[PDB]
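> Quick one, structure for this:
(4 chains, ligands or ions: 3)
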Amino acid sequence: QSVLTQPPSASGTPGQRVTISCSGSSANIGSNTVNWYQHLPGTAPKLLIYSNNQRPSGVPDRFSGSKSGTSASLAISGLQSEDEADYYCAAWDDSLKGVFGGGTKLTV
Amino acid sequence: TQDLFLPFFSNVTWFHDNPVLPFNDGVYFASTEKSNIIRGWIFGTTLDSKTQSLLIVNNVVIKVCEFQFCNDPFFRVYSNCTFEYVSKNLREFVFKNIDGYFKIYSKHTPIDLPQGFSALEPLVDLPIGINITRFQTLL
Amino acid sequence: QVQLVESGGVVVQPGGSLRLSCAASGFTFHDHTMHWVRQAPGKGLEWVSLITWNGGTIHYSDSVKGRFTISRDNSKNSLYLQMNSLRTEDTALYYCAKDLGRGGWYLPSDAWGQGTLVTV
Amino acid sequence: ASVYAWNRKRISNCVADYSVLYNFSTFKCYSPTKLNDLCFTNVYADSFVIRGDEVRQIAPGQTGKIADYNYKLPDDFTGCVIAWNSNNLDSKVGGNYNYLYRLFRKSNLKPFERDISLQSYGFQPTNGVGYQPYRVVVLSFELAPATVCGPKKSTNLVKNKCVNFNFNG
Ligand SMILES: *[C@@H]1O[C@H](CO)[C@@H](O)[C@H](O)[C@H]1NC(C)=O
Ligand SMILES: *[C@@H]1O[C@H](CO)[C@@H](O)[C@H](O)[C@H]1NC(C)=O
Ligand SMILES: *[C@@H]1O[C@H](CO)[C@@H](O)[C@H](O)[C@H]1NC(C)=O
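Residues are numbered from 1 along each chain as shown, chains lettered A, B, ... in the order given. Ligands and ions are numbered 1, 2, ... in the order given. Right below this line is the structure:
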């Protein structure tokens, strides 16, 4: 029940690197930018990545991403036990308005 | 003593009139006036805002800056600065430029160029790292 | 030091209405675009609406379009969301968030409030 | 000045008695006790206001919103970075919008570049330390005969005795 498509989960050993993919139509990703959020249970979602590969203050260089074609992805390196959070893909649509994906659960 | 001096009985150019003149190891300048027309001197190289230029205008104001000078300066002298300082008769001057210092000597006496002997006392030692190859009299 | 505080997380009978309020401080209010996002229990984030700094444009998600109204008061540094014709499907944790910067807009940025729970 | 539009005060033709500064919460030189023994062609005091958590960005080898988009220092910087808390000076209730910083830029700044081509600081008296305003002055040392030098010390004059004297060198 979403437009942007993401995997239900991701996992790895601390110190390793994982990626979370995101896909949609040309009206979702192809003609727009992709933002990512890191949502730690117990509080609100926070911005992780914006405009494909930019970071807000407070977010370390272990978090980066990219956009190409009609798809986008988030890369998480140096996995820490404190990053066990739900990551979300979002973009502005040409037909619809604000679009968020289901979210990916990243676990240790 | 061994130093830069004006040779005795040397050839001296008499201006009546104020083109840009070359500057070598140092120069001698003297003027004879009744009406006090000469105001100061301009020292430097290209004098076109590309390099530092030394502008001395009689109070007495001394500036070193990237000035764009007029083709015929006289207020119409010029149109990024490193130094600024503010303070019938013959006025003798000596202008030297050694090891980053612009040295000025002078002597004023009551009165062609008169014959006689006197020594010029030092006026000021200016710590200005300026390249001087040309200068002009400002009227 | 950006802070956003939501209020109005109460229980309301289906078919009724509820207004939410977000207090804002720590940034220029009157020049910034602000957004609402809700999270239904067991689900991911669902975008609701945005209002720009000058009221120049307003956008709604289709599921709330025509039934939700967004407004702001730049003299009180506050954002409001009026949600009518409510259904049990609207049960969600509502969050107040600001955009990346002044003038323009895109999506909710880094500063999110704690949010409040709305039950229908 | 605002960090996006930091101002430069030029120091020249004077005695740089640095003991008035050395003896502030931050005083990091890139030795702070030997400043009075040095002469400079010029000294430049770059003055601006930033947040507490941005103070760490005012240094060689550092990156961040200030280091990259407002006030960049070179890896071979010579000089001293001095900073102190100004919570009771530059803060207002609701946020002091007088001070601004650059949040977005196409590319990073060069050392000592001043680009004023922009977001306000939410400076408030009740902010956490990391979000409180700090006044930062960076003293850049340019290494001419030199015009900026430390102070000279002196004693007194003793006459009619064998003494070891030094008169202006
Ligand atoms: C000075 O130079 C001129 C040529 O310009 C020459 O005719 C004159 O004899 C010279 N005078 C002396 C004393 O050398
Ligand atoms: C001349 O101006 C430039 C800026 O355009 C500056 O970088 C340079 O240092 C200035 N020159 C001097 C001697 O101050
Ligand atoms: C002239 O400029 C050169 C640099 O090209 C410098 O090394 C030299 O010392 C300068 N001379 C004077 C008299 O300033």
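> Could you pull out the buried residues of stretch B:102-110?
Buried residues in stretch B:102-110, defined by neighbour count with 16 or more other CB atoms under 10 Å in any protein chain shown: B:102, B:103, B:104, B:105, B:106. C-beta here means a position set from N, CA and C on the backbone, and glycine is covered the same way.
> Now do the contacts for the fourth one.
With contacts taken as CB atoms under 8 Å, 6 or more residues apart in numbering or on different chains, residue B:105 has the following neighbours: B:93, B:94, B:120, B:121, B:122, B:123.
> Leaving out sequence neighbours, find the closest residue to the first one.
Counting by CB to CB, 6 or more residues apart in numbering or on different chains, residue B:29 is the residue found nearest to residue B:93 once chain neighbours are left out, at 4.6 Å.
> Might one say that residue C:45 is in contact with residue A:88?
Yes. With contact defined as CB atoms under 8 Å, residue C:45 reaches residue A:88; the gap is 5.5 Å.
> Can you tell me which residues in chain D are near chain A?
D:64, D:65 (CB under 8 Å from any CB of the partner chain).
> make it 6 Å
Listed as neighbours of chain A in chain D under the rule CB under 6 Å from any CB of the partner chain: residue D:65.
> hang on, the earlier thing: give the other helices and strands that the helix or strand containing the residue nearest to residue B:93 contacts.
Residue B:29 belongs to strand B:26-33 when elements are defined using DSSP states H and E. For strand B:26-33, the packing partners by 3 or more CB pairs under 6 Å, 6 or more residues apart in numbering or on different chains; DSSP states H and E come out as strand B:89-98.
> Which secondary structure elements does the strand it packs on sit against?
Applying 3+ CB pairs under 6 Å, 6+ apart, we find strand B:89-98 packed against strand B:26-33, strand B:101-110.
> for it, which positions count as buried?
Buried, per 16+ other CB under 10 Å, within strand B:89-98: B:90, B:92, B:93, B:94, B:95, B:96, B:97.
> How about stretch C:32-48?
Quick answer for stretch C:32-48 (16+ other CB under 10 Å): C:32-39, C:44-48.
> The residues you listed: which two are farthest apart?
Among the buried residues of stretch C:32-48, the pair separated by the greatest distance (CB to CB) is C:32 and C:44, at 25.5 Å.
> Count the neighbours of residue 15 for me.
You didn't say which chain, so I picked chain A. 9 (other CB atoms under 10 Å in any protein chain shown).
> ah, no, chain D please
11.
> Give the phi and psi angles for residue D:50, as a check.
The phi/psi pair for residue D:50 (degrees, to the nearest 10) reads phi -130, psi 180.
> which ones are touching the closest residue to it other than its chain neighbours?
Nearest residue to residue D:50 in three dimensions, chain neighbours excluded: residue D:3, at 5.0 Å (CB to CB, 6+ apart). Residues in contact with residue D:3 (CB atoms under 6 Å, 6 or more residues apart in numbering or on different chains) are D:48, D:50, D:70, D:71, D:101.
> what do you get if the cut-off is 7 Å, keeping everything else the same?
Counting by CB atoms under 7 Å, 6 or more residues apart in numbering or on different chains, residue D:3 touches D:48, D:49, D:50, D:66, D:70, D:71, D:101.
> Could you do residue B:37 as well?
Residues in contact with residue B:37 (CB under 7 Å, 6+ apart) are residue B:139.
> What strand or helix carries it?
Following DSSP H and E, one finds residue B:37 outside all helices and strands.
> Backbone dihedrals for it, both of them.
Per-residue torsions, residue B:37: phi -90, psi -40 (degrees, to the nearest 10).
> Quick check: the residue nearest the centre of chain D vs residue D:50, distance?
Centroid check for chain D by CA atoms, centre = their mean gives residue D:138 as the closest residue, at 1.8 Å. With distances taken as CB to CB, to the nearest Å, residue D:138 is found 11 Å from residue D:50.
> Residue C:24 too?
For residue C:24, the distance to residue D:50 - CB to CB - is 23 Å.
> for residue C:105, same thing?
27 Å.
> Residue B:83 now?
With distances taken as CB to CB, residue B:83 is found 33 Å from residue D:50.
> do residue B:99 as well
Using CB to CB, one gets 42 Å for the distance from residue B:99 to residue D:50.
> Over to residue A:4?
As defined by CB to CB, residue A:4 lies at a distance of 37 Å from residue D:50.
> Then residue D:72?
Distance, residue D:72 to residue D:50, by CB to CB: 13 Å.
> More neighbours: these two, which one.
Neighbour count, other CB under 10 Å: between residue D:72 and residue D:50, residue D:50 has more, with 25 against 21.
> Show me where chain C has its strands.
Under the criterion DSSP state E, chain C carries strands at the ranges C:3-7, C:18-25, C:32-39, C:45-51, C:58-60, C:68-73, C:78-83, C:92-102, C:116-118.
> What are the contacting residues of the fifth one?
By that I understand strand C:58-60. Under the contact criterion CB under 7 Å, 6+ apart, strand C:58-60 has outside partners A:97, C:49, C:50, C:51, C:68, C:70.
> out of everything not next to it in sequence, what's closest to whatever residue of chain A ends up closest to chain B?
Chain A approaches chain B most closely through residue A:57 (36.2 Å), counting by CB to the nearest CB. Closest residue to residue A:57 apart from its sequence neighbours, by CB to CB, 6+ apart: residue D:65 at 6.0 Å.
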